[PDB]
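One structure is given below, encoded as structure tokens.
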There are 2 protein chains.
Amino acid sequence: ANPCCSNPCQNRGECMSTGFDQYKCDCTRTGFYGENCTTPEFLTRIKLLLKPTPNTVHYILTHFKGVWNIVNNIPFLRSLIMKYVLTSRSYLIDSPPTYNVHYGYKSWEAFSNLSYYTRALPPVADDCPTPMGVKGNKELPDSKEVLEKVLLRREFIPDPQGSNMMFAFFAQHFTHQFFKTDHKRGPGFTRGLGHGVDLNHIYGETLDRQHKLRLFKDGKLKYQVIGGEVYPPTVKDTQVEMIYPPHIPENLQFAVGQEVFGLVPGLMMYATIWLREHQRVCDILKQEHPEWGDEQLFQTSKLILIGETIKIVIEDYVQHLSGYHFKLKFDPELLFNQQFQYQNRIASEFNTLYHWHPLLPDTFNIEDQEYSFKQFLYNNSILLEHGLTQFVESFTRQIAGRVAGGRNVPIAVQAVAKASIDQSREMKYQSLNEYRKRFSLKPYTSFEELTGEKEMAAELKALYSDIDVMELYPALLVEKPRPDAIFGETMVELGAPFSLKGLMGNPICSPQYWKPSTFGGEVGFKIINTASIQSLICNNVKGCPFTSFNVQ
Amino acid sequence: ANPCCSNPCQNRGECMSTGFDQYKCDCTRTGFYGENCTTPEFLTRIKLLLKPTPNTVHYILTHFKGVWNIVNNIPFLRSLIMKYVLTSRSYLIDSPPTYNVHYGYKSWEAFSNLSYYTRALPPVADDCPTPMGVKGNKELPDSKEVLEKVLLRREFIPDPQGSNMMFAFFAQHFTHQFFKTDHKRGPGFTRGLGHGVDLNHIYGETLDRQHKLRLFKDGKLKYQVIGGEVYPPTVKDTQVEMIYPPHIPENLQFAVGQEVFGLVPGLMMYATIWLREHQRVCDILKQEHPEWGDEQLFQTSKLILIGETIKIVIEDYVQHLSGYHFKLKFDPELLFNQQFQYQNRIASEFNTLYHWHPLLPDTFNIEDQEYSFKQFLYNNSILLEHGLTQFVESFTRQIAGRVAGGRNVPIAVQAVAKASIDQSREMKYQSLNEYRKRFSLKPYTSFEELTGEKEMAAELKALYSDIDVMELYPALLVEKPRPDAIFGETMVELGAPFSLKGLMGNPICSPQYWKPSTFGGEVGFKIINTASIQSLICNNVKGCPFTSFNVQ
Ligand code: HEM
Ligand code: HEM
Ligand SMILES: C[C@H](C(=O)O)c1ccc(-c2ccccc2)c(F)c1
Ligand SMILES: C[C@H](C(=O)O)c1ccc(-c2ccccc2)c(F)c1
Ligand SMILES: *[C@@H]1O[C@H](CO)[C@@H](O)[C@H](O)[C@H]1NC(C)=O
Ligand SMILES: *[C@@H]1O[C@H](CO)[C@@H](O)[C@H](O)[C@H]1NC(C)=O
Ligand SMILES: *[C@@H]1O[C@H](CO)[C@@H](O)[C@H](O)[C@H]1NC(C)=O
Ligand SMILES: *[C@@H]1O[C@H](CO)[C@@H](O)[C@H](O)[C@H]1NC(C)=O
Ligand SMILES: *[C@@H]1O[C@H](CO)[C@@H](O)[C@H](O)[C@H]1NC(C)=O
Ligand SMILES: *[C@@H]1O[C@H](CO)[C@@H](O)[C@H](O)[C@H]1NC(C)=O
């Protein structure tokens with residue numbers, strides 16, 4: 001019955017109901033006027049007829065390698081480009097935040113309550129007739145059918161871009177500091193109240209935890225030496241709360257920080273590399289500051305490690321991911337002369353679009369072995385069995401599945417994939433098209449336009465019947481990838497704006513923070529400014545195993 | 001022993017210890033280079049030799065009434081001026097926040113932990129020799145001596161600017177949503193985790209509270225009709241936790257929202273006016289939105305009331321306070337084209353500089369009576385006895401004490417004044433001069449320069465011996481007021497930057513929020529844009545008592 005159920009306001013205007021069966025669009029600053037913020041203002045016209053499309057843009061970024069190699073060596077230009085990608089991307093995210101599972105309207109509860117993931121688009125009014133608003137049928141197609149028909153994996157489809165199990169697991173570890181659904185409250189609620197790259201997955205979400213994981217000597221994190229390698233301390237020694245199956249023999253119940261990283265050796269591999277890293281910096285810092293004490297050593301390293309993380313995430317992780325030939329750059333000063341909010345609130349659409357389960361192969365091949373999901377899970381004895389060096393070697397040399405394209409979700413995690421479907425639904429999401437539009441994309445005219453092929457498209461059409469009812473999660477995985485890429489337009493276009501705001505909207509990037517002394521001097525500032533995934537592994541892994549997020 | 005104890009870094013450069021008995025200044029972006037961020041860069045030189053002083057600036061703003069009457073009538077100019085006071089003021093506040101009681105260095109703990117009030121200047125290293133760093137004696141002068149000698153009130157000194165008990169009590173009520181020391185943790189810790197104008201003092205700091213204070217009908221706040229007037233409901237009925245002396249007969253234990261507002265009828269007078277206001281808007285909104293429900297009515301009104309508050313605070317409260325002839329303006333768009341962070345962390349220095357106890361008269365004269373502190377306190381029977389209209393009349397017609405100038409602290413709240421002295425000390429504050437400098441002021445060369453007279457100045461010199469050791473709180477109250485003003489340079493120059501950031505760094509002011517629909521339409525947007533203290537009282541008080549923050 002809500003007159004805004006039809007989602008009538010275009011170009012980002014807001015729908016306000018002014019009656020019962022009447023509504024109104026707040027086209028403020030949308031650049032468009034008219035009943036539904038549709039009639040563009042003259043200047044809008046100009047901009048529109050001059051702005052390339054994500055694909056043409058993507059094309060240039062993907063081709064002309066030579067030109068790019070010139071561009072990448074002319075600092076001004078590089079900063080000029082990065083600055084723009086940085087600003088244009090960011091302008092797509094509401095900051096300060098608005099809307100959440102419970103609020104389709106601004107509200108102070110929505111703004112102040114940090115327990116909710118924010119929303120890029122409001123939920124759907126509960127009294128709307130069809131689950132996507134007004135379009136489509138009384139109910140969406142059965143998630144089990146959707147799952148099986150176009151999601152489940154038949155033959156493992158490797159990713160053409162090259163993503164290996166180093167990339168796959170980094171993505172798990174990294175995003176898991178912020179993606180932490182409080183399943184006690186419901187999807188839509190988070191436990192990462194730090195809403196970003198705060199490194200809580202290393203240090204603990206709370207002071208008590210952090211304090212239990214800490215050594216209180218030279219600023220270091222607690223640990224243990226097994227074999228000759230440095231591993232996280234036990235749950236029995238530290239007493240931190242970790243999630244482990246009742247049969248772990250104790251002694252393998254590592255502590256770490258993010259309570260769920262004991263569930264997969266790939267996470268614990270990284271969790272150990274970072275513990276190692278923290279300690280390393282404590283040493284580097286302590287050499288510079290004989291006068292410092294345990295806290296300033298700790299607090300300063302945590303700042304450096306957060307810097308390294310943001311550096312690696314843009315110049316290695318996202319670089320690989322992008323496919324672009326342009327050398328992305330992590331340089332805070334780029335936004336010192338730009339209007340930019342140094343704050344972030346993680347949106348559930350970024351949580352949902354980030355369920356990259358179609359990256360997990362069918363077996364984890366750790367040189368001389370090929371473990372099953374069943375044997376890999378919760379098995380840190382494998383980790384102690386092979387040990388980082390030959391783990392970075394194994395995983396560096398092991399492609400991951402393709403995310404976009406369709407039918408690549410391991411039937412092992414099919415329960416998780418269906419869950420993504422079911423939750424988006426209970427969270428009253430909007431169609432893939434509403435989202436596409438919200439992100440300046442052109443809505444798909446047919447399921448086939450979506451997929452770029454016919455059998456899945458066909459199966460979708462049978463199921464959803466109207467392209468304008470196609471759900472966001474499924475369509476992201478069942479979507480025509482760009483050339484020899486891992487994802488399609490939708491995934492890169494929604495996630496990009498989200499990923500860059502949380503990375504650049506971190507306080508260490510603010511003019512007041514971005515200065516040497518913040519990090520313990522000009523030496524700690526290099527640590528951040530010279531960080532790479534290769535350096536992270538070289539410095540903390542036994543033999544300087546060569547690494548990459550790309551399989552050779 | 002900390003080599004930074006001497007506070008060697010000038011022009012806002014940060015001190016980093018690089019040794020044990022060696023330090024270093026991070027003059028980044030300070031505009032100055034050289035060992036102590038002292039040698040100005042050429043461009044700095046230009047700015048410096050062209051920037052008037054707070055007093056000459058103040059002069060112009062205080063004089064030339066006619067010229068101002070012209071400027072106040074040419075929109076462009078007015079926006080042009082307000083925009084600059086708004087931007088220049090704000091650039092004096094670290095946002096994102098840095099430093100706190102426990103951290104003299106940036107730290108993630110400092111940044112993320114919302115339980116601490118932030119710090120404009122870092123605390124003093126615990127291993128520094130003298131309590132202000134390196135300068136002064138092993139101990140500051142006895143607070144009791146300082147209190148009695150230059151703080152306590154002899155003969156009531158009324159404020160030459162005109163402040164009445166309407167102003168005095170509004171400042172109490174308003175600032176008390178954000179100034180809420182958690183005396184169980186220690187000074188330096190706050191309970192207003194909303195860090196600003198969120199109106200928790202009306203709605204409750206928490207959802208549970210809010211929910212108990214709420215009616216759940218038409219979006220209204222719970223209440224009761226006594227006589228014929230509308231007053232807050234009881235603690236018995238609602239069950240909210242209020243602070244009241246064990247002898248309040250129940251039935252006079254009003255609920256309200258800020259747990260300490262039952263302690264003084266002046267607070268409860270406002271707390272009842274705002275309850276009334278909320279309800280009023282619920283009615284206005286409901287008329288516009290027959291389709292809305294209890295939540296949207298509630299959440300929307302709260303946003304409007306937060307708007308009115310920011311409107312009244314800049315165009316009436318700060319307007320009066322300022323003494324300026326220029327018409328201040330609350331207009332969010334002024335900052336839509338400016339770099340500005342829409343966030344705020346309340347600093348303890350703002351808490352301390354805001355203890356305006358020298359405003360309280362010796363008796364509360366409520367037309368036909370002159371109550372003593374002892375009879376006014378916790379006495380809401382007086383409120384029910386006289387009743388808002390003749391309360392706004394009484395208080396409108398009653399000057400308040402002068403804050404600056406010296407010796408005007410009611411001996412009745414001398415315990416609170418001494419406490420301000422004690423706590424600043426325990427919180428390891430810095431001298432008035434360090435603060436003056438941090439706020440682009442010229443340090444006082446003598447106690448007499450500070451006071452603008454000799455007996456107190458003399459008593460101070462006996463006591464502190466070095467001007468450079470004079471403490472921030474005392475000097476604020478014992479300071480030469482500007483002409484016929486209530487405070488001096490330091491109070492206006494520190495508190496200004498603070499007060500404007502918290503007011504303008506509110507999400508409702510952000511481009512995404514500042515739009516009609518956010519407030520329920522173009523109607524609720526007027527409520528905000530046409531708000532005045534006179535309107536607030538007219539609409540909710542029995543006979544439209546004329547009001548003002550100025551005594552005739
Ligand atoms: C073998 C490793 C993996 C396993 C077994 C696995 C398993 C799961 C499970 C059981 C959930 C929770 C399902 C629910 O009840 O809602 C989940 C959530 C998630 N997974 Fe994975 N996953 C793995 C790898 C990945 C990878 C490589 C990514 C890539 C980014 C990923 C991203 C996510 C995200 C973003 C969530 C949501 C986090 C949250 O909201 O708490 N997963 N995964
Ligand atoms: C008759 C009313 C008043 C009484 C009896 C009173 C009493 C007190 C007391 C006992 C404290 C706490 C002292 C401590 O630190 O232990 C305090 C704090 C404070 N008072 Fe007053 N006061 C009154 C009026 C005012 C007014 C009119 C203002 C003007 C703004 C004011 C501003 C403050 C501020 C800013 C604080 C700090 C709040 C906090 O940090 O919790 N007070 N007052
Ligand atoms: C820098 C580049 C861009 O903005 O074009 C870029 C940045 C971020 C992403 C990105 C997209 C989805 C999930 C995580 C990151 C991406 F795919 C591409
Ligand atoms: C707007 C005006 C200005 O900046 O000049 C202004 C702003 C804030 C204050 C102010 C000063 C001391 C305590 C509280 C507020 C003030 F006294 C004057
Ligand atoms: C605006 O949208 C409504 C609802 O979708 C539609 O019925 C109406 O005709 C549209 N009007 C214009 C001018 O676009
Ligand atoms: C956040 O808000 C929702 C509803 O307003 C509520 O269910 C949840 O408990 C809130 N959490 C807190 C800590 O206020
Ligand atoms: C765990 O790893 C060990 C050693 O790598 C392996 O032999 C075993 O099969 C795994 N555990 C399970 C339950 O499969
Ligand atoms: C810098 O500050 C220190 C400590 O106050 C002082 O002793 C030193 O002489 C100053 N040097 C310069 C060049 O300002
Ligand atoms: C904030 O920090 C201080 C010390 O680090 C601590 O005492 C306080 O409990 C912290 N609060 C929270 C919520 O972390
Ligand atoms: C409170 O004030 C009322 C009305 O002004 C007065 O009659 C009464 O004596 C006071 N209460 C007490 C306990 O004295």
Side-chain angles (χ1 to χ4, degrees), chain A residues 1-3 14-20 24-26 28-29 94-98 103 105-113 194 198-199 203 207 210 288-292 295-296 299-300 302-303 306 336-343 507-508 510-521, chain B residues 1-3 14-20 24-26 28-29 94-98 103 105-113 194 198-199 203 207 210 288-292 295-296 299-300 302-303 306 336-343 507-508 510-521:
Chain A
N2 190 312
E14 308 179 14
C15 194
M16 155 168 268
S17 53
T18 60
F20 256 124
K24 199 229 185 310
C25 296
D26 188 355
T28 288
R29 273 152 239 132
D94 277 354
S95 188
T98 57
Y103 295 97
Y105 52 85
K106 248 85 90 288
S107 106
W108 185 270
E109 172 59 29
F111 166 83
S112 63
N113 201 325
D198 57 21
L199 306 214
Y203 306 103
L207 229 219
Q210 183 201 124
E288 277 289 287
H289 291 116
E291 2 68 52
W292 282 7
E295 269 276 321
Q296 209 183 347
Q299 308 288 348
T300 304
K302 176 158 182 174
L303 290 188
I306 298 196
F336 285 173
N337 65 306
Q338 313 292 325
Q339 295 178 287
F340 181 87
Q341 289 303 315
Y342 283 112
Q343 50 174 291
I508 74 152
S510 56
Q512 329 97 235
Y513 274 80
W514 201 243
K515 57 184 72 168
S517 51
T518 301
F519 308 112
Chain B
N2 189 311
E14 309 177 14
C15 193
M16 159 157 283
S17 51
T18 64
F20 255 125
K24 199 265 185 293
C25 296
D26 191 0
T28 284
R29 274 155 236 133
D94 277 351
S95 186
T98 58
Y103 295 96
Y105 52 84
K106 248 85 93 288
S107 114
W108 184 271
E109 172 58 27
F111 164 88
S112 63
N113 205 329
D198 56 18
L199 301 220
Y203 304 104
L207 226 222
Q210 183 202 123
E288 280 286 282
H289 291 117
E291 2 70 54
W292 281 7
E295 271 275 322
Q296 208 183 350
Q299 307 288 341
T300 304
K302 175 163 185 170
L303 291 186
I306 297 194
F336 286 176
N337 70 306
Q338 316 287 330
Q339 293 180 288
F340 179 84
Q341 287 303 314
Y342 281 111
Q343 50 178 291
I508 77 150
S510 59
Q512 339 89 227
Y513 273 80
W514 203 242
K515 61 182 66 171
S517 50
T518 302
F519 308 114

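Residue numbers start from 1 in every chain, and the chains themselves are labelled A, B, ... in the order their sequence lines are given, proteins ahead of strands.
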Problem set entry | Heavy-atom pair of closest approach, residues A/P96 and B/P507 | CB-CB, 4.0 Å
Problem set entry | Rounded distance [0.5 Å steps], CH2 in A/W108 versus CG in B/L303 | 8.5 Å
Exercise. Any side-chain heavy atom of A/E109 sitting closer than 4.5 Å to one from B/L207?
Worked result: yes
Problem set entry | Between CD on residue B/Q299 and NZ on residue A/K106, distance to nearest 0.5 Å | 12.5 Å
For this session: Check whether B/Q296 gets within reach of chain A through its side chain, its backbone, both or neither, counting any heavy atom under 4.5 Å.
Result: both
For this session: Heavy-atom distances under 4.5 Å only: say whether A/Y342 touches chain B with side chain, backbone, both or neither.
Result: both
Exercise. Checking heavy atoms, do the side chain of B/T518, its backbone, both or neither come under 4.5 Å from chain A?
Worked result: both
Exercise. Considering only heavy atoms, which portion of B/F111 lies under 4.5 Å from any heavy atom of chain A: side chain, backbone, both, or neither?
Worked result: both
Exercise. Chain B heavy atoms under 4.5 Å from A/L199: which part of the residue, side chain, backbone, both or neither?
Worked result: neither
For this session: Measure distances from A/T300 to the heavy atoms of chain B and classify the residue's part below 4.5 Å as side chain, backbone, both or neither.
Result: neither
Exercise. Which bit of A/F336 is near chain B, if near means a heavy-atom gap under 4.5 Å: side chain, backbone, both or neither?
Worked result: both
Exercise. Where the side chain of B/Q339 meets the backbone of A/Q341, is there a donor-acceptor pair that is under 3.5 Å apart?
Worked result: no
For this session: Tell me, for A/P97 versus chain B, whether the close heavy atoms (under 4.5 Å) come from the side chain, the backbone, both or neither.
Result: backbone
For this session: Mark yes when over 12 heavy atoms from residues, nucleotides or ligands other than A/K515 sit less than 6.0 Å from its NZ; otherwise mark no.
Result: yes
Problem set entry | Part of B/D198 within contact of chain A (heavy atom distance under 4.5 Å) | both
For this session: Could you look at B/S517 and say if it's the side chain, the backbone, both or neither that has a heavy atom under 4.5 Å from chain A?
Result: both
For this session: Please determine, among A/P511, A/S112, A/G19, the option with the most heavy-atom pairs under 4.5 Å with chain B.
Result: A/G19
Seminar exercise, completed: Pair count under 4.5 Å, heavy atoms only, with chain A: among B/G520, B/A110, B/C25, B/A1, highest is B/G520
Exercise. Does the side chain of A/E291 pick up a donor-acceptor pair with the side chain of B/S17 at under 3.5 Å?
Worked result: yes
Exercise. Counting only heavy atoms not in B/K302, do more than 12 fall under 6.0 Å of its NZ?
Worked result: yes
